[PDB]
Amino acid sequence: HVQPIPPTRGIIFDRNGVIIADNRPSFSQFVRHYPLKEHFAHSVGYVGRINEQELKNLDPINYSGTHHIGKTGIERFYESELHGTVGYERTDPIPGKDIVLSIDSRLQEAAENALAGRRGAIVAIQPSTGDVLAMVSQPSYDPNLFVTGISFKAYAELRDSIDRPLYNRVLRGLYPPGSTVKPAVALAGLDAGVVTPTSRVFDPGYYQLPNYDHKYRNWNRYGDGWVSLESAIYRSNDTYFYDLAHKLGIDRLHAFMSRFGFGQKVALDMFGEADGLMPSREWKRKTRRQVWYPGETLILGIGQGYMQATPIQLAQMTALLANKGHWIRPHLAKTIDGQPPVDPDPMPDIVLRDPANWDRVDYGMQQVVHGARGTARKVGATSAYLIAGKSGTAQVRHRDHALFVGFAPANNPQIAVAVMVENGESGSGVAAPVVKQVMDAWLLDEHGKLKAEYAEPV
């Protein structure tokens, strides 16, 4: 008599080879094991028993003897590769393909530590390679409770908590990116030619389009005076980008911010990534069926309105500013079966008509943290490396979310981080120190100094 044999699920490693997912022996068959538990619930995901629906959507041959299936995260997206082929009693089953993740969990743990128990999300990207060095969504849960079947009570402890431990804030958490988009908006205006690196704008504390008497007010009521590209970035002036978005138009704004990855998903291998929203004139005609008003473009110049962005879309934009426009999609899976995965649908690189604008916007982001009048100047006083970042706030009872993106070292980008702290208020005061703690753990040795590898200038 012949009898089928199930295959063993592929092992999951981090970027340094620490095991993220084993298989443990049980009797009356292997169970999947997550030896780091909550530190990867939203990155790797988990597996569970196979339901009524997914059984009529799986090979009865290859999945014979396989009673569990990927549910979310990496286990699902690469369920095919991690599964394998069955054997027969001896045709031996070929074990599932092993996956090496890009995440360094010495940075994943340091990021969760930097979040300090607050609800939110942290995403770290290596801009030259696209490796997702960290993917953090707080709070967490133990993925080892669904592998065997989770008690309908313990599920409720997850489901009926208002902190939402099941919410993957990195992938399905959509927030108005706020002031953090202003570097990309500046590049949109600089590219079109409506604004030049030295062209000035007087800030009386408000902006009016040449038709209405209505005033679009600056976050500083009394104004910043004459502001240029750099002054507009390290002070995050709203009137400068009110004026920039006006002279640019939403037709060429939505097109530019789309090439930065806003609108649809950015990553290569992230299950259930929300597209986000980059509003255009065609969207509002479909969705709301009303003509686009020129006042709706000005709120977009400072990252507001109906615009929706996921914390990974933000981090990819941060890596893009670090990468000088070379488009490489973020990806968790570093290698599959020992070779890196290939992007089937790449994104075109962002080729500016004056490539020096990259260094000018980066220098504006650079003075955000280190300038004498930067919003996050206190963060730069405690730094051993140059940080080209920018703080912001998201729009929302309770307060509003604090945001801060940034890459470092500014002159040789090795890390790109985007942080969203729920109800943090001060992008400069809470979200900025979290980036610097995440960036510190990646760049600093264990004695507080910058690593030898990253110090040399290029």
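Numbers follow the displayed sequence, beginning with 1.
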item: Between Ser28 and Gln29 - deposited residues without coordinates, as a size class; value: 10 or more
item: Residues of the deposited sequence left unbuilt between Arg90 and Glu89; value: 10 or more
item: Stretch exceeding the other in mean C-alpha B-factor - 177-185, 203-211; value: 203-211
item: 60-68 versus 419-427 - greater average Cα B-factor per the deposited record; value: 60-68
item: Top Cα B factor in the deposited entry, candidates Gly120, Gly338, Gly305, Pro311; value: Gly305
item: Selection from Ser102, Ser128, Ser161, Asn113 [criterion: highest C-alpha temperature factor in the record]; value: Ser161
item: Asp269, C-alpha B-factor rank within chain (lowest, middle or highest third); value: lowest
item: Third assignment of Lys436 from its chain's C-alpha B-factors; value: lowest
item: For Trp226, the third of its chain into which the C-alpha B factor falls; value: middle
item: B-factor third for the C-alpha atom of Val342 within its chain; value: highest
item: Assigned third (lowest, middle, highest) for the C-alpha B factor of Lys390; value: lowest
